[PDB]
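[1] Below: the sequence, then the experimentally determined structure.
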Amino acid sequence: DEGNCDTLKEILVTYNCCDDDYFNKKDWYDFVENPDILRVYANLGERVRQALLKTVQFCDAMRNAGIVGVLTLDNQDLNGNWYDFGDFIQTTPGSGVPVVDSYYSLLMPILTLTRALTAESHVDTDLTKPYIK
Amino acid sequence: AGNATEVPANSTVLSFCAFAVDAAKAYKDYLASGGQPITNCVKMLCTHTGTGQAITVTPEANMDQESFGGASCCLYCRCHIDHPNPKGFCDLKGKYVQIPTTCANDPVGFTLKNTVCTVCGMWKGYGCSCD
Amino acid sequence: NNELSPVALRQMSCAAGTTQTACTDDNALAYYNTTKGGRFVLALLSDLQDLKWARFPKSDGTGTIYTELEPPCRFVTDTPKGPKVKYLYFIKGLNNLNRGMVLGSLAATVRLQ
Amino acid sequence: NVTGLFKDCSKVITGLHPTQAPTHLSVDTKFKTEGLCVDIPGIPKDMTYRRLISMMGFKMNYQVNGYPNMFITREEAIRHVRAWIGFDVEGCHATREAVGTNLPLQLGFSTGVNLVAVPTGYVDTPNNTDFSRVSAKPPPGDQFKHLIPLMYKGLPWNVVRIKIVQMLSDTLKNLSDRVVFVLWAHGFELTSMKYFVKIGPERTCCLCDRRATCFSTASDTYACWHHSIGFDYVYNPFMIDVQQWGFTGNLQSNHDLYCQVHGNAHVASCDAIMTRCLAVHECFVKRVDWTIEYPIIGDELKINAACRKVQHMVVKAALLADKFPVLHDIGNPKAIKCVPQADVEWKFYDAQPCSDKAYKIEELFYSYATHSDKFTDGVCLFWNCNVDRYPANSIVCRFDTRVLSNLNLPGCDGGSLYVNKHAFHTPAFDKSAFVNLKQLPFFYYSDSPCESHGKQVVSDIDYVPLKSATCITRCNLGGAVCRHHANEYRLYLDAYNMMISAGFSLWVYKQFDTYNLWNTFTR
Amino acid sequence: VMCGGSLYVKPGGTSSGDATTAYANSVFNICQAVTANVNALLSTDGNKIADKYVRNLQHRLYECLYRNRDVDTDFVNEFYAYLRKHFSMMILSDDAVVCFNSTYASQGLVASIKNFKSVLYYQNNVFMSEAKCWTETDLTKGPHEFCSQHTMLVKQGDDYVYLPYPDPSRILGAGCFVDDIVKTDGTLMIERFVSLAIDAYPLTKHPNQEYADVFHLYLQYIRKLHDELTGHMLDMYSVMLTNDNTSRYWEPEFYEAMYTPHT
Ligand SMILES: [Mg+2]
Ligand SMILES: [Mg+2]
Ligand SMILES: [Zn+2]
Ligand SMILES: [Zn+2]
Ligand SMILES: [Zn+2]
């Protein structure tokens, strides 16, 4: 809601997507008007990708160490590092089932809105290298 | 709130001259048809000694002329209309004006008609060194 | 934050005078809190100079109330006929709350200079 | 004493230095020594002060020889209908840098137009006065809440005055050569008319000859209604005070008496329309005068001649069709026979019997409530009379009030005010009146000889090929011409169409039929 | 797509000319409405909910959305019934009108405009500006505009019925500007004026005044056309028509018949 989108503004200016003076360019948030907002949003793709990779690593370790617990969104800083094992439980090692339903299901739209997987098209997922032929 | 400003003996004149298109000729026709001239002007107090030059910074009368509050003589400044000076303000707002005590009953009429000679600085006819 | 007087004080004309009998006829302007126990009046508004008594019949109309009055309040409301002096009469012995309420109603209702 | 005219509204308390104070009452009092003024050099003249000057209570009733009156009497207004336009204004109060005066905000006219203007007022400066924009707020009245959003939708004033001149110009260019404003709360409207009015001696247009009613400040030139583009001042309006005419409470309750049409959608044009509706009632719903005249604007005399022709023809045809014993005329103030020769008994009635011919013109105010069972002999004839439901025998001709044209002007209450010569006011139109009758179907009856050359009968009268089935004028069989009859039929058809397009509707008793006219024809 | 004279590649979105546009648009519309209601109900705090049944609904809705895996017919049924009681909709293709509880909406138990804005943002990639979403409180005068018609509540016969009325500038424009130079000459084409008047009728009941004058102007025009046509016919050849039955076109009951429920 453009009346109080302040936290969003803070995230964007913090992670060097755009810089503050941009937000006075009225209609900055519109889509039909000002299509540069697409690039501005796209600048978060790399960080969103790192989050997913780290979630996979955690799910690996969690199955290996025999732990059961539901994964949620609000237990992950914007660097991927998890925390807050509030109600995880125990089982024999190598037999723990992490639950990742709500996580992915809610996260989904952001993946295409921010063009997350755009790294995959490079020579080796390395934003500096050229495109695969 | 505010402060009252005009006495009821001026309403017709002021209205009929604030709606007109030629305020000067309107006022002249008003007088010329049996009208009562404008009359709560501010009246000064001085020595009746100094230059005859009416337009002045400080009341400077002679034994004959009579000092008046300038701004309260410019009809334009009085009805709250715009001035015909091409640019762009009345001059009598700020000064004092001195009118021959004879005609100095109607100040606005005199201010409209007569003018100061640029040389002698006095009214053309009351008096003028020029010729 | 805190609002002072969500207010329902309508207006009446009634009787008033300088003494209990000098209360003649229709010349008073009463503000009345019509409470639970009958129409309770608070302030009186007139152009008459000063009046020591108002006279209004009871809620059942039996007796006409003998209510001594404040020294009138001085102020100059305006109408198309220019300035207009009026006098506001408080029933002596009124808390600050009812004063404030009556003043709010009147001042928001009627224009002054 | 004092007045409220030019009453200052600034909040500062100190008076003015005499050399910049417009009057002897608006000076400060340190200089006031025994009604006189003395300059005290210990204090200098200010060089920045901005005092708003209220502009109410104007009071204009002068007598100069070159200038025309602005408030006109009742008769001079009755004469100049066609030119009436309502007027109402809404206000707003000044807020911060001044208080105690109102500024015009929304303007409304009899036409359904509503203009909004940014609040502006007349401010002073140490050098001159000034027309600038000032802050304001709506009245605290609750019903005035429909004014809160309007305070940010205004227009600069010059746009507004140009629009006003243009609206008036294309409302009135084909009717009058002036404008008279009808108004109620006279004072505030006169106050508002400072913004776009200018008065002065009578003048004639440039590049046109009619009286001039526009002024341009830039070029300094006048104009009529037609040639007025880019001009922004009305030059000589006229006015009228309806409430002056002896009325009591607000115009809402007064109007509410008669007209149940004009509701009150909360604007200003609504008040304008109500005011004009009331003014029309007060002067016209009475009986029609015959001494008042009006110029023709225009083409009217054709409509009149057409009405003559159609009346003559229709009445002659009805008589020769049914042969009524007695002709109960109604609503005719001048006992003049429409068809000139008719053996039928010919009455005359009226609710206004003249002096002479009163013996002929019996007093009679018809109403179906009562006289329904009285004239059950012969047939009536309601030419342009206006009653309630007509008796089942009649030949009514009633002006429909729904048509549009520049001749009939809106009146009260739903009935409109036709204006040809002497203004006729007709009540609203409805169908319940004609519940006994049926629309007269077109026809054309003739009865005379034919062309000539032949001047006998079958068959030596000149025929041309007109094939129409309704010109009932034996001689006629399909070639049906006898020239005379043919071009006469053309003329009468044109006239009938013009009449019935002007607004008039016809009706006849249900018994009518055309064939019996043919039956008459067989000789 | 064969735009111009060359072939391009259409990226996505409908092609508003296929065999089933209006219906698929209706389906998509209902989808967005339901999605907004779901987001509204799920994004509200639970403890603030007063009614026990509604906390049961929200709780089990989160269940059936994420915890469950396959359908549960009874939940779908009772939720659909809930929506039919506190959201009632009227859908033509992408053009909706909603009659909804107001206090529920205020509390956040159904969807208001803000929810639609958010949903369109993240699921349609557009920003719905609030200058185009009307709102109405008093149910007499009806929906502010639907299918580009306005509604007015008029007393007809002996009861109070609703009527639709167009936008007058539209009818006048349609009258003045045509698209072929034989659609000009009113003489040949009086039929389209009849159709236009049929569309313009309900203006007559408007409290304004220019509005009714629109309809009456159209009627008088039709009369003028018929008169000049008979004139022309009599002129070029001499015949006069035998019978017309056209007089019913310039008289205002033939038109009002259309809005009287008995056919
Ligand atoms: Mg109103
Ligand atoms: Mg008003
Ligand atoms: Zn000046
Ligand atoms: Zn000189
Ligand atoms: Zn002209």
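    Perfect, thanks for sending it. Residues are numbered from 1 along each chain as shown, chains lettered A, B, ... in the order given. Ligands and ions are numbered 1, 2, ... in the order given.
[2] quick one: the strands in the chain?
    The chain I'm using is chain A. A:67-70, A:89-90, A:98-99 (DSSP state E).
[3] My question was about chain E, not that one.
    E:89-92, E:95-98, E:150-156, E:159-165.
[4] what's the burial count for residue B:124?
    By the criterion of other Cβ atoms under 10 Å in any protein chain shown, residue B:124 has 14 neighbours. Placement of C-beta: from N, CA and C, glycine included.
[5] err, residue D:142, not the other one
    By other Cβ under 10 Å, the residues close to residue D:142 number 6.
[6] Please report the distance of it from chain B.
    24 Å (Cβ to the nearest Cβ, to the nearest Å).
[7] what sits against that residue?
    Contact analysis of residue D:142 by Cβ atoms under 8 Å, 6 or more residues apart in numbering or on different chains lists nothing.
[8] Of the strands of chain E, which is nearest residue D:144?
    strand E:150-156 (26.4 Å; Cβ to Cβ).
[9] where along chain C do the strands fall?
    In chain C, the strands defined using DSSP E lie at C:11-17, C:26-35, C:38-46, C:53-57, C:64-68, C:73-79, C:82-90.
[10] hmm, who's touching the first one?
    By that I understand strand C:11-17. Contacts for strand C:11-17 (Cβ under 8 Å, 6+ apart): C:23-32, C:41, C:44, C:46, C:48, C:51-56, C:64, C:69, C:89.
[11] let's see 7 Å
    C:23-32, C:44, C:46, C:51, C:53-56 (Cβ atoms under 7 Å, 6 or more residues apart in numbering or on different chains).
[12] Kindly state the distance between the middle of that strand and the middle of its chain.
    Distance of strand C:11-17 from the chain centroid (Cα atoms, centre = their mean, to the nearest Å) equals 8 Å.
[13] Buried residues of that strand, list them for me.
    For strand C:11-17, burial by neighbour count (16 or more other Cβ atoms under 10 Å in any protein chain shown) applies to C:14, C:15, C:16, C:17.
[14] Tell me the buried residues in stretch D:277-288?
    Buried, per 16+ other Cβ under 10 Å, within stretch D:277-288: D:277, D:278, D:279, D:280, D:281, D:282, D:283, D:284.
[15] One more: stretch D:348-359?
    D:348, D:349, D:350, D:353.
[16] List phi and psi for the closest residue to residue D:265 other than its chain neighbours.
    Using Cβ to Cβ, 6 or more residues apart in numbering or on different chains and skipping residues adjacent in sequence, the residue nearest residue D:265 is residue E:207, 6.5 Å away. With angles defined as degrees, to the nearest 10, residue E:207 sits at phi -60, psi -20.
[17] Just give me the neighbour total for residue E:207.
    Residue E:207: 13 surrounding residues under other Cβ under 10 Å.
[18] Residue D:336 now?
    Residue D:336, neighbours per other Cβ under 10 Å, totals 10.
[19] Could I get the contacting residues of it?
    No contacts exist for residue D:336 under Cβ under 7 Å, 6+ apart.
[20] And for residue D:110?
    Each residue near residue D:110 by Cβ under 7 Å, 6+ apart is listed here: D:85, D:86, D:272, D:273, D:276.
[21] among the strands of chain E, which is nearest residue B:89?
    strand E:150-156 (55.0 Å).
[22] Out of the strands of chain C, which is closest to residue A:24?
    strand C:73-79 (47.1 Å).
[23] Need the residue closest to the centroid of chain C.
    The centroid of chain C falls nearest to residue C:44 when counting by Cα atoms, centre = their mean (1.8 Å).
[24] distance of the residue nearest to that residue when sequence neighbours are not counted from ligand 5?
    Nearest residue to residue C:44, sequence neighbours excluded (Cβ to Cβ, 6+ apart): residue C:89, at 3.5 Å. In this view, residue C:89 and ligand 5 are 64 Å apart by Cβ to the ion, to the nearest Å.
[25] and residue C:89, how many neighbours?
    The number of residues near residue C:89, taken as other Cβ under 10 Å, comes to 26.
[26] Could I get the buried residue list for stretch D:215-228?
    Quick answer for stretch D:215-228 (16+ other Cβ under 10 Å): D:215, D:216, D:222, D:223, D:224, D:225, D:227, D:228.
[27] The third one - nearest residue in space that isn't next to it in sequence?
    For residue D:222, the nearest residue in space outside its immediate sequence neighbours is residue D:212; the separation is 3.6 Å by Cβ to Cβ, 6+ apart.
[28] repeat for residue D:423
    According to Cβ to Cβ, 6+ apart, the nearest residue to residue D:423 is residue D:417 (5.9 Å).
[29] looking at it, that neighbour is touching residue D:411, isn't it?
    Yes - taking contacts as Cβ atoms under 7 Å, residue D:417 lies within contact range of residue D:411: 3.8 Å.
[30] list the residues that contact both of these two?
    Shared contacts of residue D:417 and residue D:411 (Cβ under 7 Å, 6+ apart): D:280, D:284, D:425.
[31] Among those residues, which ones are in helices?
    D:280, D:284 (DSSP state H).
[32] Considering only the shared contacts of residue D:417 and residue D:411, which also neighbour ligand 3?
    Near ligand 3, judged by Cβ under 5 Å from the ion, there are no entries from the shared contacts of residue D:417 and residue D:411.
[33] List just the nearest of the shared contacts of residue D:417 and residue D:411 to chain E.
    The closest of the shared contacts of residue D:417 and residue D:411 to chain E turns out to be residue D:280 (Cβ to the nearest Cβ; 15.0 Å).
[34] any idea how far whichever residue of chain C sits closest to chain B lies from residue D:27?
    For chain C and chain B, the shortest gap (Cβ to the nearest Cβ) falls at residue C:113, measuring 5.1 Å. Residue C:113 sits 21 Å away from residue D:27, going by Cβ to Cβ, to the nearest Å.
[35] and the two? which has more neighbours close in?
    residue D:27 (21 against 12).
[36] right, and the more buried one touches residue D:20 too?
    No - Residue D:27 lies out of contact with residue D:20 (Cβ under 7 Å); the separation is 9.6 Å.
[37] List the contacts of residue D:316.
    D:339, D:445.
[38] Now do the buried residues in the one helix or strand residue D:486 maps to.
    According to DSSP states H and E, residue D:486 maps onto helix D:484-502. Residues of helix D:484-502 classed as buried by neighbour count (16+ other Cβ under 10 Å): D:484-486, D:488-490, D:492-493, D:495-502.
[39] Residues contacting it, please?
    D:302-303, D:306-307, D:309-310, D:313, D:442, D:444, D:446, D:450-451, D:464, D:466, D:471, D:473, D:476, E:223, E:227.
[40] Are any of the residues you listed buried, and if so which?
    Those of these that meet the buried threshold are D:303, D:306-307, D:310, D:313, D:444, D:446, D:450-451, D:466, D:471, D:473, D:476, E:223, E:227, by 16+ other Cβ under 10 Å.
[41] Contacts only, for the residue of chain C at minimum distance from ligand 5.
    Closest approach between chain C and ligand 5, counting by Cβ to the ion: residue C:80, at 39.4 Å. Residues counted as contacts of residue C:80 (Cβ under 7 Å, 6+ apart) are residue D:187.
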